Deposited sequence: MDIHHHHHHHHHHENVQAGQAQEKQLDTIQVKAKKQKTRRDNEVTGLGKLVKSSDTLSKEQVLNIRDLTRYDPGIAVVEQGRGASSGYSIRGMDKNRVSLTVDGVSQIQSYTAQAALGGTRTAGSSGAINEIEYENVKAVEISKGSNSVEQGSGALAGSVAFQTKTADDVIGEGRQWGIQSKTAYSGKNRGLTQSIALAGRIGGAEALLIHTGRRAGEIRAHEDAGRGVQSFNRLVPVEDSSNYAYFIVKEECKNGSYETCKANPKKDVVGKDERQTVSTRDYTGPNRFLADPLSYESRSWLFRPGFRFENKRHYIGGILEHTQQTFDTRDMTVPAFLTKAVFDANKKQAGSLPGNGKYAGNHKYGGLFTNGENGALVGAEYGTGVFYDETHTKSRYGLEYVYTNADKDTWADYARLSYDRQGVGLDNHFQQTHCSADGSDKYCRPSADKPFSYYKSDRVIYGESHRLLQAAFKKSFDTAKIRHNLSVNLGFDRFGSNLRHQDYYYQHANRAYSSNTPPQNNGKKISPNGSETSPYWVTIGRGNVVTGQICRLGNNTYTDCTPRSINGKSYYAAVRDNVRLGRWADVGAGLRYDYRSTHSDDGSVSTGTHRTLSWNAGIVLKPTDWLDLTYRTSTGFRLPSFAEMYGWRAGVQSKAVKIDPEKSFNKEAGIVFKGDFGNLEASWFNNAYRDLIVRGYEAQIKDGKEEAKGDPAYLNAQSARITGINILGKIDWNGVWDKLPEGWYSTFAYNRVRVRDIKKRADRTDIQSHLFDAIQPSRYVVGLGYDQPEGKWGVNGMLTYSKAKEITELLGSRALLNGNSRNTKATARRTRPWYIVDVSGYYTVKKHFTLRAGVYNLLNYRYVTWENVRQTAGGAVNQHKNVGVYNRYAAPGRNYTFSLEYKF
């Protein structure tokens, strides 16, 4: 049947069977569809048919989720927060089904379905309440060894009516996903500045506070000698090392809590249903960036001197506290001491809140004008809270809570929080009716959404505690004043007091850089109307078609935001010829479009006034032909696709040709600049092995073809296809007992290497000029792994699960990991450095205990 081919459906049961707990487990055996790493342990949506992030739509119960938002980066040579960039991960313990669509799909999922779409539907009371029972309670509890991840879930559901209710609570705590034990084991060295007596014969001083009787004249008889820094070699474990040449991923501390409540009422007649929905899930991704050297070295002290010169008080110290003494320039005018190590932290907080009401009209028998209808209202909010923190007030460490204080001279702290959020107030009408011998299945869908996008920038300040110090001319005694030179007989006259703590607010208003903490607020309304129809043309063929209109209007107080009206037209059509040798000849066509994102609308800024520019939507077109052999053996499916993207949005310049020569006009802006097409192949099948158990097969191979840039644009980096998941084979062999008590499964996955052509390119200039550029510094090698899983149930009640993943301890590095280093990656890693840290996990175990009651 036409609706839907090119789909990939997974149920709640399929999920529990494959023991998927992480977002990465979900498409683990589906080649051609991958999860894009966010950089700090989160994720930023999916990657299909060459495109990723905001080019594949992510929906839950008809409501789109958060857009990936990346704020323009800060100048100044310091570490900052930036926006999260992530897209919110769904709690799988709340979903009944998942519908993944490859290729364009805007008629179904609207804006954002350029290259594909991922749609989730939430569970109901019936998914927990058994066949002949009035209530029910389920209980999944799982441990995943690869990230020391415990997950616990309980689901309550009961019905006395009439009235029904569903209540689900899920708690998850995990850590960093560990790597192969050999990749990143061992030891490494680094330097650390330590105090040493200055050898100069002019390095003498006394301090006023240490002159308890008399004065300089009497106290100079006991001078102290200055101190200087020499660094010393130190060796630590790879886990403890801080610096550029890092062997292990940043330590992650992950937590998730999710609440789902869904009350409902069945009326009389049994064809009327009102129901509410209440979801609140929150995740935290807290890391420490170990790429940052904790300890100061002589190399950086000398560097600062070259620029800033020596510092008053250097080498001099209160009491015997030699260490010291040793302090140098930080950032934001701070002086930082060698006795503390610095630490950098990111505390990300992802919160989704959903409140919705629905009315559902079913009708079988089918005597009224609609066999199915649904009115729904949904208020959703998603917030990504990214809190940067830098401390230099501990011996490492590293402390995230320590602060500069008078008793801690030469300490430092910086805070920076960027909060991104979206809201929908979506009103959806869905009607459905079947007409007739040739049966027509008509479908209409209405939509109204009042939406808003908001980025806040706050808690952005520094603090330091610079020491109270002065070097003074001693009192005259007697005759005339003598300014000392630091000799043993003429030591300096110095006073040293405790540090004075200073705060600086970093935020500015209306200056159009990263430090502009004027909230970026974009609001709007939107409408969609969609008519679809699929007909069964006898037994020989089925034909489907769909049409959709989308309107979107946006406003911002900020006149520089690319704001306006869009009206796009989406349509699809498919055919399934069945000459029935139990083989189907399939051919489908669908359009896809993506409106300018909220980050693209805000535009590129360089601390000067910007005009707003018009942005047309990205568009795509997907032709796909396929053949499937079905029968007693099961089925074997193959398809060839051709997706053509157009009006791709990139940062560049408008171009025009005045007197023969082309030239750039306007500002650097986000414009529709490029088109690109991709072709490929998919094989999918399952064998029955009869034969007189089962097997699975899957294969994907994407290729890039034409890449044409618009003649009215320049400074256009072509297109690095680093998003494309490398060609992969995944075969399966497993046995399910017909009784349904136990089962075994074996999975073999083999991925090709990353094609170097997919990450190479050039930047177009004028007139025939260009510059060759690469996406990453490295590409990945081929690899194969085997997973073995099994289960056992004790009749409806207890059911145990166990999986050994990467049985052969194969040491390899995944491409999806290396992608994080690419230019253009959300929260790109730099500068690597050593690629050991991107190693995939070796042999790992997961265990799940499911209870029904």
Would you flag the ranges of the deposited sequence that the structure leaves without C-alpha positions? 1-42, 479-480, 737-743
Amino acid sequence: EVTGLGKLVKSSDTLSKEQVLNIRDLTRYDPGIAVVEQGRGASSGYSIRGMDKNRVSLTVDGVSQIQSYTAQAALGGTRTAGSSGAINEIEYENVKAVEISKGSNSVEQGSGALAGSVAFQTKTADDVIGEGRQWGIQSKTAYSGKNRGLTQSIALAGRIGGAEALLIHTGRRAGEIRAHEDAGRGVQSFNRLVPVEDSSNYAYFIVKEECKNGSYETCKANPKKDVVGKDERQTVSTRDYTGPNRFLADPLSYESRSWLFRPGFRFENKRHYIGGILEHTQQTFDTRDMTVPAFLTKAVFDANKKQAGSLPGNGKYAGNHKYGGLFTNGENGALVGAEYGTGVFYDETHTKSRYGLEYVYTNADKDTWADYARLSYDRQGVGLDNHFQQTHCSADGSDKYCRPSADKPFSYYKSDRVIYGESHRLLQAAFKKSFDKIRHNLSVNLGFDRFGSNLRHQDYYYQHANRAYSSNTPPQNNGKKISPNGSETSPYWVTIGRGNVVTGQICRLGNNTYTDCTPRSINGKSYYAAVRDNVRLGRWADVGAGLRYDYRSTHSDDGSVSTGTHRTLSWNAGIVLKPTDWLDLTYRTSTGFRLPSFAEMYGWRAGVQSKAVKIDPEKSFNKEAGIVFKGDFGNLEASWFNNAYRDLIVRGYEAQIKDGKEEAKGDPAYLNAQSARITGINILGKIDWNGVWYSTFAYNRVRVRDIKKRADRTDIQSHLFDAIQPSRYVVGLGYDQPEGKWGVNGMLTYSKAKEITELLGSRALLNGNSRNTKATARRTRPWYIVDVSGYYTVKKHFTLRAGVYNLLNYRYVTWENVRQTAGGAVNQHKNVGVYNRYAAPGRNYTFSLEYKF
From here on, numbers count along this sequence of modelled residues.
Should the higher mean CA B-factor in the entry be assigned to 411-419 or to 637-645? 637-645
Which is higher on average in the deposited entry, the C-alpha temperature factors of 656-664 or of 389-397? 656-664
By the CA temperature factor listed in this entry, which of these ranks top: 381, 738, 76, 343? 738
Highest-ranked of 146, 457, 439, 450 once sorted by CA temperature factor in the record: 439
Is residue 563 in the lowest, middle or highest third of its chain when residues are ranked by C-alpha B-factor? middle
Chain thirds of CA B-factor: placement of residue 806: highest
Taking the entry's C-alpha B-factors for this chain, is residue 158 in the lowest, middle or highest third? middle
Determine, from the deposited record, the chain-internal third of the Cα B-factor for residue 328: lowest, middle or highest. lowest
Could you tell me which third, lowest, middle or highest, the C-alpha B-factor of residue 255 occupies within its chain? lowest
